[PDB]
2 protein chains.
Amino acid sequence: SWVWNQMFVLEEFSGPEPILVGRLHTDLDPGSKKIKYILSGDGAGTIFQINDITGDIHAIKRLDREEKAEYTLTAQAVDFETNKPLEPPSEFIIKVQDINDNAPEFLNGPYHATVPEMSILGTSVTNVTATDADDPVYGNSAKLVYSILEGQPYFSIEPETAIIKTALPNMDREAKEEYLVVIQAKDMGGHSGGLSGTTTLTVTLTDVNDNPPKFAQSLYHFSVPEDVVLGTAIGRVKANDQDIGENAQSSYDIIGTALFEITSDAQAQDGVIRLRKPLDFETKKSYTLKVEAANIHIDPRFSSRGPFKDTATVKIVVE
Amino acid sequence: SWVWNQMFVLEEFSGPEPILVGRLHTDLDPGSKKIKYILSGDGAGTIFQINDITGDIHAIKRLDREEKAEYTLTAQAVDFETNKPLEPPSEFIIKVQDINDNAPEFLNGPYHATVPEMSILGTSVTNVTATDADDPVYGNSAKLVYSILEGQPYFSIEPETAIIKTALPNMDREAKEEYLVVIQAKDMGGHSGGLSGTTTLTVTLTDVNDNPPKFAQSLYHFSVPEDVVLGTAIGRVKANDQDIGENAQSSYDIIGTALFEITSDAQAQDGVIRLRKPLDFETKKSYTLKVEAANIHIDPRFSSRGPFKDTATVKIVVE
Ligand SMILES: [Ca+2]
Ligand SMILES: [Ca+2]
Ligand SMILES: [Ca+2]
Ligand SMILES: [Ca+2]
Ligand SMILES: [Ca+2]
Ligand SMILES: [Ca+2]
Ligand SMILES: [Ca+2]
Ligand SMILES: [Ca+2]
Ligand SMILES: [Ca+2]
Ligand SMILES: [Ca+2]
Ligand SMILES: [Ca+2]
Ligand SMILES: [Ca+2]
């Protein structure tokens, strides 16, 4: 069925002076009688106002589509004096059409997203998705095109879908952990006179174990009174696998001992030495330990290639 | 019956970029099939061109109402691939609306009109009627208002109907016979930014007999050889009723004569004297005539009040 009951009013402008959108009509003959038009419905006589006899309807108000895009209305046909219906009323809509006064706009102010450290160039990161208020049905009033406006240890915003990718080969965090990129979107765009919506994106990377652990220095020295019939502990040597977290927690043990325990630890990841067997002898004054400390998992937690796991020597002297 | 098949396109402008006038429609459901719109008719695809799928029709040409105000057109509904009619075609008109680019304009360049000399203030003279090209159906695009722009031994152009009247009491031509007045007409007008059409009008008056006739001078002299056994004629005395034409033609006769005819005349309106009786005598040397000469008709042709009809004396001497 053909639709013909619709009028299109361009929104907001006219400034002052008013614009007709449609003159109505019922056909019929003359013959010494006449039709006077009366209009009723939405914002009747106030927004849209009718010149009676003719059928002329100008808008006498700024129209905002985003407020309300359609206005179901009902105008009439009666004689002037008779007022008897010279045509039973019709229902019909008036539409706007939306002009690009409405901006591109992001839902949250800043955004924060994470991505696995060293991973092949172009790895998915997140979608940023703005929003234009306008008409997504006609023209380029809304069609948006995203772009990385800045963020140059590099990611790519894939322009159609806005999805962020990385733009960089590997990306060893130990260099830089957090990343700032500023995001755009053009109304039309591909065409200037476009609109401009920006957002902050805090990008951080995760970890991997691309680090063996460290020892403060290669040769340690300590000292001790010769029995302590309690415990006890003597010294602390440290590892620092820069690769944080679980990827940092390292395992100590000694590989010139046996009078000495060595202890965990999730304390700072040291490093402590208890005296196991008590003590007795001058027979020794000097003692020696070599100590392996290494990162962990339940399957190979060095899935790359790691060289040292820092050994190192401890010299304990007697008193 | 309600009319809804009509669209309104404002004429001539857009300059470049195009303006939609109406998106079409047939209702129906989706369900994995679709409507593609094809348009055909007047200046189809060339003046008015169709965005197929949507129903959008912008004009891609200056439109001139005065060239053609309406365009009967026929657009369609078929599927894209199927091309089978998803709706039997509709006939509908597109209308313009006319904007005031068209000027007020008079049919002939100059105009020439006549009116009876002394006649009560405000006597009808003629209609001047211009012509605006525009729309006489909507707004003040055409409603015209005439004015005497100049012509100040005065006439009035009655502004609604343009009819010229005299603006002056009596108006004795003998003062001035022809009159120049320049005529105007404003498009809208009563409202500036109106349009401006001017015309020349040569006004002349007719006559009445508001003049007695004249004699060159009050005393005439002539002379004559004493017999002429032929005719003959002697002298000519003149009248000049300034009131021209029939109102000037005057009647001579003598009211010390009898040897002398006096003759008409539509010669210059004199004035001639024939000798009736021949001649004989020294017995007279000096002769005398008094002469009435007067304007004419078959009922009172001095329907005002006229004093002299200039008498006057002629002295003929003998030789
Ligand atoms: Ca708006
Ligand atoms: Ca808008
Ligand atoms: Ca917009
Ligand atoms: Ca790492
Ligand atoms: Ca590590
Ligand atoms: Ca790392
Ligand atoms: Ca025109
Ligand atoms: Ca025009
Ligand atoms: Ca005009
Ligand atoms: Ca006269
Ligand atoms: Ca006269
Ligand atoms: Ca006269």
# chains A, B, ... in the order shown; residues from 1 in each chain; ligands from 1
$ residues_near_ligand --ligand "ligand 2" --cutoff "12 Å" --atoms "only C-alpha atoms and all ligand atoms" --output "PyMOL selection string"
chain A and resi 9-13+62-69+96-104+132-136+138+141-142+187
$ write_last_selection --atoms "N, CA, C and O atoms" --output "compact mmCIF listing (two decimals), in the first residue's frame"
# COMPACT_ATOMS: atom_id res chain seq x y z
N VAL A 9 10.13 18.16 7.70
CA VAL A 9 10.46 19.48 8.20
C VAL A 9 11.88 19.49 8.65
O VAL A 9 12.23 18.79 9.58
N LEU A 10 12.70 20.33 8.03
CA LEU A 10 14.10 20.35 8.43
C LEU A 10 14.23 21.05 9.77
O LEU A 10 13.57 22.05 10.01
N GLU A 11 15.06 20.50 10.66
CA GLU A 11 15.01 20.86 12.08
C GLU A 11 15.82 22.08 12.51
O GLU A 11 16.90 22.34 11.99
N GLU A 12 15.27 22.82 13.47
CA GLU A 12 16.01 23.82 14.25
C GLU A 12 16.17 25.20 13.63
O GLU A 12 16.15 26.19 14.35
N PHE A 13 16.37 25.28 12.33
CA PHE A 13 16.69 26.57 11.72
C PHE A 13 15.44 27.45 11.52
O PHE A 13 14.68 27.69 12.47
N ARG A 62 11.47 26.38 16.57
CA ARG A 62 12.61 25.50 16.35
C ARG A 62 12.12 24.10 16.59
O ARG A 62 11.43 23.84 17.58
N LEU A 63 12.46 23.20 15.68
CA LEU A 63 12.18 21.79 15.88
C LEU A 63 13.44 21.03 16.22
O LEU A 63 14.46 21.19 15.55
N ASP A 64 13.38 20.22 17.27
CA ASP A 64 14.51 19.38 17.63
C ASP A 64 14.13 17.94 17.45
O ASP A 64 13.25 17.42 18.14
N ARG A 65 14.79 17.31 16.49
CA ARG A 65 14.55 15.92 16.20
C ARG A 65 14.83 15.08 17.43
O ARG A 65 14.00 14.28 17.84
N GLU A 66 16.00 15.29 18.01
CA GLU A 66 16.47 14.50 19.15
C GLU A 66 15.51 14.58 20.35
O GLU A 66 15.53 13.71 21.23
N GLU A 67 14.66 15.60 20.36
CA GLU A 67 13.63 15.72 21.38
C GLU A 67 12.44 14.86 20.99
O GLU A 67 11.89 14.15 21.83
N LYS A 68 12.08 14.92 19.70
CA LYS A 68 10.92 14.23 19.13
C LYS A 68 10.98 14.39 17.61
O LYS A 68 10.99 15.51 17.10
N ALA A 69 11.03 13.26 16.90
CA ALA A 69 11.26 13.25 15.45
C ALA A 69 9.98 13.24 14.61
O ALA A 69 9.99 13.63 13.45
N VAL A 96 10.78 15.04 10.86
CA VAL A 96 11.87 15.99 10.85
C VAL A 96 12.80 15.65 9.66
O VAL A 96 12.39 15.75 8.50
N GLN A 97 14.04 15.25 9.95
CA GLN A 97 15.00 14.87 8.92
C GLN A 97 16.43 14.92 9.48
O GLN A 97 17.35 14.37 8.89
N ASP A 98 16.60 15.59 10.62
CA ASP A 98 17.88 15.71 11.34
C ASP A 98 19.06 16.29 10.56
O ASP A 98 19.50 15.78 9.54
N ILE A 99 19.55 17.39 11.09
CA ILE A 99 20.73 18.00 10.56
C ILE A 99 21.82 17.83 11.62
O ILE A 99 21.52 17.64 12.80
N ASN A 100 23.08 17.90 11.19
CA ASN A 100 24.23 17.49 12.00
C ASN A 100 24.67 18.51 13.04
O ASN A 100 25.82 18.95 13.05
N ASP A 101 23.75 18.87 13.93
CA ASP A 101 24.07 19.72 15.07
C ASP A 101 24.55 18.88 16.24
O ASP A 101 25.06 19.40 17.22
N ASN A 102 24.39 17.56 16.13
CA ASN A 102 24.67 16.66 17.23
C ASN A 102 26.05 16.04 17.11
O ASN A 102 26.45 15.66 16.02
N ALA A 103 26.75 15.93 18.24
CA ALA A 103 28.20 15.65 18.30
C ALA A 103 28.63 14.16 18.43
O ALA A 103 27.82 13.34 18.86
N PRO A 104 29.88 13.79 18.06
CA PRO A 104 30.30 12.44 18.44
C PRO A 104 30.64 12.43 19.93
O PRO A 104 31.16 13.43 20.43
N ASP A 132 27.14 9.39 18.01
CA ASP A 132 26.56 10.61 17.44
C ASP A 132 25.05 10.62 17.73
O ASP A 132 24.40 9.58 17.72
N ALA A 133 24.51 11.80 18.01
CA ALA A 133 23.12 11.88 18.42
C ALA A 133 22.20 11.81 17.22
O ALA A 133 21.06 11.35 17.33
N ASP A 134 22.72 12.22 16.07
CA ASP A 134 21.91 12.50 14.90
C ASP A 134 21.18 11.33 14.26
O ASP A 134 20.79 10.35 14.91
N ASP A 135 20.97 11.49 12.96
CA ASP A 135 20.30 10.51 12.16
C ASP A 135 21.28 9.47 11.64
O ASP A 135 22.20 9.79 10.90
N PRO A 136 21.07 8.22 12.06
CA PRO A 136 21.85 7.08 11.59
C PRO A 136 21.21 6.40 10.38
O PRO A 136 21.70 5.37 9.90
N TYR A 138 19.93 8.44 7.48
CA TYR A 138 20.18 9.20 6.25
C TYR A 138 21.45 9.99 6.21
O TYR A 138 21.81 10.67 7.17
N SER A 141 25.32 12.10 8.33
CA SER A 141 24.97 12.77 9.57
C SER A 141 25.53 12.07 10.83
O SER A 141 25.61 12.68 11.90
N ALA A 142 25.91 10.80 10.68
CA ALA A 142 26.32 9.97 11.81
C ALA A 142 27.48 8.98 11.54
O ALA A 142 28.25 8.66 12.45
N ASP A 187 32.23 12.87 12.37
CA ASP A 187 30.87 12.83 11.85
C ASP A 187 30.90 13.07 10.35
O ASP A 187 31.17 14.18 9.93
$ residues_around --residues "residue 127 (chain A)" --least-positions-apart "4" --cutoff "8 Å" --atoms "only C-alpha atoms" --output "MDAnalysis selection string"
chainID A and resid 161:164
$ interface_residues --of "chain B" --to "chain A" --cutoff "8 Å" --atoms "only C-alpha atoms" --output "ChimeraX atom specification"
/B:1-5,7-8,21-22,24-28,87,90
$ write_last_selection --atoms "N, CA, C and O atoms" --output "JSON list (two decimals), in the first residue's frame"
[["chain", "number", "residue", "atom", "x", "y", "z"],
["B", 1, "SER", "N", -12.54, 13.53, -0.82],
["B", 1, "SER", "CA", -11.41, 12.55, -0.78],
["B", 1, "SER", "C", -10.14, 13.31, -0.45],
["B", 1, "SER", "O", -9.91, 14.39, -1.00],
["B", 2, "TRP", "N", -9.32, 12.76, 0.44],
["B", 2, "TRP", "CA", -8.09, 13.43, 0.84],
["B", 2, "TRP", "C", -6.96, 13.22, -0.18],
["B", 2, "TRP", "O", -6.70, 12.09, -0.61],
["B", 3, "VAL", "N", -6.33, 14.33, -0.56],
["B", 3, "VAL", "CA", -5.18, 14.34, -1.45],
["B", 3, "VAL", "C", -3.90, 14.34, -0.61],
["B", 3, "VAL", "O", -3.77, 15.12, 0.34],
["B", 4, "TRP", "N", -2.99, 13.45, -0.99],
["B", 4, "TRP", "CA", -1.73, 13.24, -0.28],
["B", 4, "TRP", "C", -0.56, 12.93, -1.23],
["B", 4, "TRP", "O", 0.57, 12.70, -0.78],
["B", 5, "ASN", "N", -0.82, 12.92, -2.54],
["B", 5, "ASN", "CA", 0.19, 12.56, -3.56],
["B", 5, "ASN", "C", 1.14, 13.69, -4.02],
["B", 5, "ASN", "O", 1.85, 13.55, -5.02],
["B", 7, "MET", "N", 4.07, 16.96, -3.49],
["B", 7, "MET", "CA", 5.30, 17.48, -2.87],
["B", 7, "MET", "C", 5.58, 18.91, -3.33],
["B", 7, "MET", "O", 5.23, 19.30, -4.45],
["B", 8, "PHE", "N", 6.24, 19.69, -2.47],
["B", 8, "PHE", "CA", 6.50, 21.11, -2.72],
["B", 8, "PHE", "C", 7.99, 21.44, -2.73],
["B", 8, "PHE", "O", 8.70, 21.25, -1.74],
["B", 21, "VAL", "N", 12.80, 16.64, -1.45],
["B", 21, "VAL", "CA", 11.47, 17.17, -1.30],
["B", 21, "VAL", "C", 10.55, 16.16, -0.65],
["B", 21, "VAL", "O", 9.65, 16.53, 0.10],
["B", 22, "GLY", "N", 10.80, 14.88, -0.94],
["B", 22, "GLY", "CA", 9.98, 13.81, -0.41],
["B", 22, "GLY", "C", 10.56, 12.43, -0.58],
["B", 22, "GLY", "O", 11.04, 12.06, -1.65],
["B", 24, "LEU", "N", 9.45, 8.57, -0.53],
["B", 24, "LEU", "CA", 8.24, 7.84, -0.83],
["B", 24, "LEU", "C", 8.07, 6.74, 0.18],
["B", 24, "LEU", "O", 8.95, 6.55, 1.04],
["B", 25, "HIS", "N", 6.96, 6.01, 0.10],
["B", 25, "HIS", "CA", 6.82, 4.74, 0.81],
["B", 25, "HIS", "C", 5.66, 3.81, 0.47],
["B", 25, "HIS", "O", 4.54, 4.27, 0.23],
["B", 26, "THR", "N", 5.95, 2.51, 0.46],
["B", 26, "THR", "CA", 4.96, 1.46, 0.62],
["B", 26, "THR", "C", 5.27, 0.69, 1.89],
["B", 26, "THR", "O", 6.42, 0.30, 2.11],
["B", 27, "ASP", "N", 4.24, 0.46, 2.71],
["B", 27, "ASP", "CA", 4.35, -0.14, 4.05],
["B", 27, "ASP", "C", 4.96, -1.56, 4.08],
["B", 27, "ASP", "O", 6.17, -1.70, 3.92],
["B", 28, "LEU", "N", 4.13, -2.58, 4.32],
["B", 28, "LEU", "CA", 4.56, -4.00, 4.27],
["B", 28, "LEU", "C", 5.55, -4.44, 5.37],
["B", 28, "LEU", "O", 6.05, -3.61, 6.14],
["B", 87, "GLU", "N", 4.93, -3.22, -5.62],
["B", 87, "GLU", "CA", 3.75, -2.34, -5.59],
["B", 87, "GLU", "C", 3.44, -1.70, -6.95],
["B", 87, "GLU", "O", 4.26, -0.92, -7.45],
["B", 90, "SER", "N", 2.29, 4.37, -8.72],
["B", 90, "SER", "CA", 1.38, 5.46, -8.37],
["B", 90, "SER", "C", 1.66, 6.73, -9.17],
["B", 90, "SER", "O", 2.82, 7.06, -9.46]]
$ residues_around --residues "region 200-211 of chain B" --least-positions-apart "2" --cutoff "6 Å" --atoms "only C-alpha atoms" --output "number ranges by chain"
B: 110-117, 177-182, 241, 243, 247
$ write_last_selection --atoms "N, CA and C atoms" --output "mmCIF file, in the first residue's frame"
data_model
loop_
_atom_site.group_PDB
_atom_site.id
_atom_site.type_symbol
_atom_site.label_atom_id
_atom_site.label_comp_id
_atom_site.auth_asym_id
_atom_site.auth_seq_id
_atom_site.Cartn_x
_atom_site.Cartn_y
_atom_site.Cartn_z
ATOM 1 N N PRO B 110 4.635 53.279 -23.069
ATOM 2 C CA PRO B 110 3.831 54.435 -22.701
ATOM 3 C C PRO B 110 2.323 54.215 -22.867
ATOM 4 N N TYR B 111 1.562 55.052 -22.183
ATOM 5 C CA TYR B 111 0.121 55.035 -22.266
ATOM 6 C C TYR B 111 -0.383 56.459 -22.458
ATOM 7 N N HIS B 112 -1.477 56.611 -23.202
ATOM 8 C CA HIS B 112 -2.005 57.939 -23.520
ATOM 9 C C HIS B 112 -3.501 57.999 -23.275
ATOM 10 N N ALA B 113 -3.928 58.942 -22.443
ATOM 11 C CA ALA B 113 -5.321 58.993 -22.010
ATOM 12 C C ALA B 113 -5.864 60.408 -21.982
ATOM 13 N N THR B 114 -7.178 60.530 -22.115
ATOM 14 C CA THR B 114 -7.783 61.831 -22.296
ATOM 15 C C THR B 114 -8.876 62.070 -21.290
ATOM 16 N N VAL B 115 -9.036 63.338 -20.926
ATOM 17 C CA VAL B 115 -10.066 63.744 -19.985
ATOM 18 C C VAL B 115 -10.518 65.190 -20.173
ATOM 19 N N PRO B 116 -11.841 65.378 -20.264
ATOM 20 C CA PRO B 116 -12.583 66.621 -20.247
ATOM 21 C C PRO B 116 -11.983 67.654 -19.337
ATOM 22 N N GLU B 117 -11.602 68.780 -19.938
ATOM 23 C CA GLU B 117 -11.015 69.924 -19.254
ATOM 24 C C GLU B 117 -11.589 70.138 -17.840
ATOM 25 N N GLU B 177 -1.846 71.699 -21.901
ATOM 26 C CA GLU B 177 -2.716 70.704 -22.533
ATOM 27 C C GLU B 177 -2.306 69.272 -22.250
ATOM 28 N N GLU B 178 -1.009 69.012 -22.252
ATOM 29 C CA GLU B 178 -0.522 67.659 -22.056
ATOM 30 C C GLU B 178 0.104 67.513 -20.687
ATOM 31 N N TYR B 179 0.079 66.294 -20.161
ATOM 32 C CA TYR B 179 0.506 66.023 -18.788
ATOM 33 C C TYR B 179 1.243 64.713 -18.668
ATOM 34 N N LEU B 180 2.401 64.766 -18.024
ATOM 35 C CA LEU B 180 3.180 63.573 -17.827
ATOM 36 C C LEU B 180 3.176 63.114 -16.406
ATOM 37 N N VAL B 181 2.840 61.843 -16.250
ATOM 38 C CA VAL B 181 2.794 61.195 -14.955
ATOM 39 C C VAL B 181 3.486 59.838 -15.072
ATOM 40 N N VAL B 182 4.248 59.471 -14.046
ATOM 41 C CA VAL B 182 4.982 58.211 -14.053
ATOM 42 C C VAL B 182 4.437 57.269 -12.981
ATOM 43 N N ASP B 241 -10.830 82.482 -30.712
ATOM 44 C CA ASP B 241 -11.297 81.678 -29.614
ATOM 45 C C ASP B 241 -10.221 80.637 -29.361
ATOM 46 N N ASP B 243 -10.125 78.334 -27.259
ATOM 47 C CA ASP B 243 -10.817 77.063 -27.150
ATOM 48 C C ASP B 243 -10.977 76.409 -28.518
ATOM 49 N N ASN B 247 -15.382 74.276 -31.030
ATOM 50 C CA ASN B 247 -15.528 75.310 -30.030
ATOM 51 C C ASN B 247 -14.831 76.597 -30.436
#
$ select_by_dssp --residues "region 101-288 of chain B" --states "strand (DSSP E)" --output "ChimeraX atom specification"
/B:110-115,144-150,155-157,164-166,178-187,199-205,219-224,233-238,251-254,270-274,286-288
$ closest_residue --among "B:84, B:285, B:297, B:236" --to "residue 251 (chain B)" --atoms "only C-alpha atoms"
B:297
$ residues_around --residues "residue 214 (chain A)" --least-positions-apart "2" --cutoff "12 Å" --atoms "only C-alpha atoms" --output "short mmCIF file (atom, residue, chain, number, x, y, z; two decimals) with N, CA, C and O atoms, in the first residue's frame"
data_model
loop_
_atom_site.label_atom_id
_atom_site.label_comp_id
_atom_site.auth_asym_id
_atom_site.auth_seq_id
_atom_site.Cartn_x
_atom_site.Cartn_y
_atom_site.Cartn_z
N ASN A 211 62.38 -12.76 31.95
CA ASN A 211 63.46 -12.41 32.84
C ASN A 211 63.81 -13.59 33.70
O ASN A 211 62.95 -14.19 34.33
N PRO A 212 65.09 -13.96 33.72
CA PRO A 212 65.67 -14.69 34.82
C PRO A 212 65.73 -13.79 36.05
O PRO A 212 65.62 -12.58 35.90
N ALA A 216 71.60 -9.72 44.41
CA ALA A 216 72.13 -8.41 44.72
C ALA A 216 73.58 -8.31 44.21
O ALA A 216 73.88 -7.45 43.37
N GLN A 217 74.45 -9.20 44.70
CA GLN A 217 75.83 -9.34 44.18
C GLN A 217 76.32 -10.79 44.19
O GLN A 217 75.73 -11.66 44.84
N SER A 218 77.42 -11.03 43.47
CA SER A 218 77.94 -12.38 43.22
C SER A 218 78.59 -13.06 44.42
O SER A 218 78.65 -14.29 44.47
N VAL A 237 69.97 -12.92 51.27
CA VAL A 237 70.39 -12.58 49.91
C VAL A 237 69.17 -12.44 48.99
O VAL A 237 68.23 -13.23 49.09
N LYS A 238 69.17 -11.45 48.10
CA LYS A 238 67.95 -11.16 47.33
C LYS A 238 68.02 -11.48 45.86
O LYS A 238 69.06 -11.34 45.23
N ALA A 239 66.88 -11.92 45.32
CA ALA A 239 66.65 -11.98 43.88
C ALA A 239 65.77 -10.80 43.48
O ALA A 239 64.99 -10.30 44.30
N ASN A 240 65.90 -10.35 42.23
CA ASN A 240 64.89 -9.46 41.62
C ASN A 240 64.64 -9.61 40.13
O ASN A 240 65.08 -8.80 39.30
N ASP A 241 63.92 -10.68 39.83
CA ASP A 241 63.28 -10.89 38.56
C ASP A 241 62.37 -9.69 38.33
O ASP A 241 61.36 -9.56 39.01
N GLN A 242 62.75 -8.82 37.40
CA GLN A 242 61.97 -7.60 37.13
C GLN A 242 60.57 -7.94 36.65
O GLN A 242 59.61 -7.20 36.90
N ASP A 243 60.46 -9.06 35.95
CA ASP A 243 59.18 -9.60 35.54
C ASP A 243 58.30 -9.90 36.75
O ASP A 243 58.45 -10.95 37.39
N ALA A 248 57.75 -13.56 39.26
CA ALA A 248 58.89 -13.05 40.05
C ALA A 248 59.23 -13.96 41.21
O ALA A 248 60.40 -14.12 41.54
N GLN A 249 58.21 -14.52 41.83
CA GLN A 249 58.40 -15.41 42.96
C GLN A 249 59.42 -16.51 42.61
O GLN A 249 59.15 -17.37 41.76
N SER A 250 60.58 -16.47 43.26
CA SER A 250 61.69 -17.38 42.94
C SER A 250 62.03 -18.36 44.07
O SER A 250 61.80 -18.06 45.25
N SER A 251 62.59 -19.53 43.70
CA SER A 251 62.87 -20.64 44.64
C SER A 251 64.33 -20.82 45.02
O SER A 251 65.15 -21.22 44.20
N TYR A 252 64.63 -20.58 46.30
CA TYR A 252 65.98 -20.65 46.83
C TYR A 252 66.31 -22.02 47.37
O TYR A 252 65.43 -22.71 47.90
N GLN A 269 60.86 -11.91 48.57
CA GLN A 269 61.49 -12.97 47.74
C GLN A 269 62.96 -13.33 48.09
O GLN A 269 63.71 -13.79 47.24
N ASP A 270 63.35 -13.13 49.34
CA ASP A 270 64.66 -13.56 49.84
C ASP A 270 64.53 -15.02 50.27
O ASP A 270 63.43 -15.56 50.18
N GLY A 271 65.58 -15.68 50.76
CA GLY A 271 66.90 -15.10 51.00
C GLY A 271 67.46 -15.33 52.39
O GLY A 271 68.62 -15.01 52.66
N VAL A 291 74.19 -20.79 45.79
CA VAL A 291 72.72 -20.75 45.88
C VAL A 291 71.95 -20.49 44.55
O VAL A 291 72.05 -19.41 43.98
N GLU A 292 71.19 -21.49 44.08
CA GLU A 292 70.29 -21.31 42.94
C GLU A 292 68.96 -20.78 43.46
O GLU A 292 68.43 -21.28 44.46
N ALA A 293 68.46 -19.74 42.82
CA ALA A 293 67.11 -19.26 43.09
C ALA A 293 66.41 -19.10 41.74
O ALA A 293 66.98 -18.50 40.84
N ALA A 294 65.19 -19.66 41.58
CA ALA A 294 64.49 -19.59 40.29
C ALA A 294 62.96 -19.48 40.31
O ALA A 294 62.29 -20.10 41.14
N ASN A 295 62.45 -18.70 39.37
CA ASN A 295 61.02 -18.50 39.10
C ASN A 295 60.27 -19.82 39.00
O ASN A 295 60.89 -20.88 38.98
N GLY A 306 66.00 -18.88 29.10
CA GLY A 306 66.65 -18.16 30.22
C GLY A 306 67.97 -18.76 30.69
O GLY A 306 68.04 -19.95 31.01
N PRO A 307 69.03 -17.92 30.77
CA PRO A 307 70.44 -18.34 30.89
C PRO A 307 70.92 -18.68 32.32
O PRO A 307 71.08 -19.87 32.65
N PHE A 308 71.20 -17.65 33.12
CA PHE A 308 71.38 -17.77 34.57
C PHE A 308 70.01 -18.04 35.27
O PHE A 308 68.94 -18.09 34.63
N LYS A 309 70.08 -18.27 36.57
CA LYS A 309 68.94 -18.30 37.46
C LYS A 309 69.73 -17.85 38.65
O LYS A 309 69.51 -18.27 39.79
N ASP A 310 70.69 -16.99 38.32
CA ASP A 310 71.70 -16.43 39.20
C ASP A 310 72.07 -17.40 40.32
O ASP A 310 71.31 -17.64 41.26
N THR A 311 73.26 -17.97 40.20
CA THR A 311 73.84 -18.71 41.30
C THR A 311 74.45 -17.66 42.25
O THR A 311 73.94 -16.55 42.34
N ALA A 312 75.52 -18.01 42.97
CA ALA A 312 76.27 -17.07 43.83
C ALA A 312 76.76 -17.67 45.14
O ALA A 312 76.14 -18.59 45.69
#
$ closest_residue --among "B:171, B:195, B:75, B:255" --to "ligand 12" --atoms "only C-alpha atoms and all ligand atoms"
B:171
$ decode --residues "region 12-31 of chain A" --atoms "C-alpha atoms" --output "compact mmCIF listing (two decimals), in the first residue's frame"
# COMPACT_ATOMS: atom_id res chain seq x y z
CA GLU A 12 16.01 23.82 14.25
CA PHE A 13 16.69 26.57 11.72
CA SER A 14 14.40 29.07 9.99
CA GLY A 15 15.84 31.12 12.85
CA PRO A 16 12.91 33.61 12.81
CA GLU A 17 10.70 33.57 9.63
CA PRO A 18 8.62 30.38 9.17
CA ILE A 19 8.63 27.59 6.57
CA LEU A 20 5.69 25.71 5.16
CA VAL A 21 6.08 21.99 4.96
CA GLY A 22 2.82 20.98 3.34
CA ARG A 23 -0.49 22.28 2.09
CA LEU A 24 -3.25 19.78 2.57
CA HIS A 25 -6.13 18.93 0.26
CA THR A 26 -9.52 17.39 -0.35
CA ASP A 27 -10.57 17.46 -4.04
CA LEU A 28 -14.32 18.07 -4.80
CA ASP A 29 -16.10 20.76 -6.89
CA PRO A 30 -16.93 24.43 -6.27
CA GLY A 31 -20.53 25.59 -6.91
